[PDB]
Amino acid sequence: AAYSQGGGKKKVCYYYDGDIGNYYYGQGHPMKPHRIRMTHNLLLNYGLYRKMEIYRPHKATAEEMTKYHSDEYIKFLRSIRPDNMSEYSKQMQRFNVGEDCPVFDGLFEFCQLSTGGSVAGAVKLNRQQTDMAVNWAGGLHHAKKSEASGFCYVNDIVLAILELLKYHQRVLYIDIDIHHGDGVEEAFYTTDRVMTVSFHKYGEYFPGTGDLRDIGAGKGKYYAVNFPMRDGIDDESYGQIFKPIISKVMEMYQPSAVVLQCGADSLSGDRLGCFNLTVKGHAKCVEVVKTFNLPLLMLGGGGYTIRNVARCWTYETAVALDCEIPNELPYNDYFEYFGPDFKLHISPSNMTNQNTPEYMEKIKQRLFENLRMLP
C-alpha cells in the first residue's frame, strides 16, 4: 500500500439511538437531547445515510463506565430516580446532581447510550474498520471521575480515549466547545499519552479553568494546551489560529488517533454562548482535522440553540463524508424549527469581537513556545 498519499474519501461510521431524543432534563433546562434527533432527521432527509454506515450503540455497562469513574458514583447514577431523590439528598450534593445536572427519568440509560456510542466508535477505530466514527450524543466533556458537572454525568470522551489507548500510543483530543474541556484535561493531565487541546471562552465563565498557563504536570507537562478567548470571536479570527495550532500539534506530538469534540455552543446565537462563529466557520475545524488522515472520533457536546445545533452537526457529517449538500433545507419532521429562512447556513451577528488580531497572534505565539518543548 506504499502508493497511499493520505487523500481519498473517508469511511464514516455513525452512531445513533432513536430513543435518545426522548430524554428530558426538565422544564427550562437548556440541555435538550431532542437536538440529536433533530440532527439525525435532518441528515436522513438530506440523504446522507446513503454514504455512511449507521449503527445503534449498545447501552454501556456500569462496569465499562468504571474504567474511569468511581464505583460509588456509578452506583449512585444507576440508583437515583425522581421518585427516590428525597432519600439521597446527601449523595446528590456529594456527586453534584440536582441543580445544573438534574435527576431525570432514565438518566442512567441516557448516560449508557451517550457512552455506548463513543466507546463503540473507539472499538471500530481500533479494529481499523473505519476512518471516522461519529457520535453526536457524546462529547460530554465536563463529567469528572466522581461527580457530574456542566450537564454531563459520565465522561464518554475519557472512556473512549481509554479504549483508543489500548492500540494507540499517543491520542490527541481537540475541544471546540465554547467551554473548557476540563473533565478530559483533568483525566490525562499527568500523562504524555494523551495531549488535550481546548479552545474556549475564558474569564468569568464556566467552568473557570483553561488558563493558557495550565500546561499539564509531571510526565504530562506540555501535553495540555489551552487557548483562552474573549466574547465575539468570528470565523476569520478562529480560522487564523486553529489550523496553525493544530498543524504544529500534529507536527510535534504525532498522534496516531484523534478525538474531536464539536460542541456547537461556540456558534453565533447560542443560548449559553458568547461567540460568533457560523456553521461554516465551526465546520472548518472538522475539515482541518480530517485532512491529517488519522483515525478520528467526532463527538457532540454543548449546543443550546437547537435549530443551529442540528444545522451544525448535519453539515459536519456532510463534511466528514465530503458530500456537498444544498443550503436550502429539505423538508423534515422539525422543519418549522428552521424558520424564518429554512436554510442550512447561518449568519453571524453584529456583536463586537473582543479578540483583537494582536491578542490572537500573541496567544498563538505563547502556545507555539510551549509546543517547542516536546521531544
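Quick note: we count residues from 1 along the sequence shown, nothing fancier.
Taking the PDB entry as given, 20-28 carries the higher mean Cα B factor of the two stretches 356-364 and 20-28. Averaged over CA atoms, B-factors in the entry run higher in 4-12 than in the other of 4-12 and 365-373. Per the PDB entry, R94 shows the highest C-alpha temperature factor of the residues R94, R230, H179, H141. Taking the PDB entry at face value, the top CA B factor among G117, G301, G216, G203 belongs to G203. When the modelled residues of the chain are ordered by their C-alpha B factor, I36 lands in the lowest third. In this PDB entry, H282 carries a Cα temperature factor that places it within the lowest third of its chain's modelled residues. Annotation for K51: CA B-factor lies in the highest third of the chain's modelled residues. Split the chain's modelled residues into thirds by C-alpha temperature factor. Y173 is in the lowest one. For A62, the recorded CA temperature factor ranks within the highest third of the chain's modelled residues.
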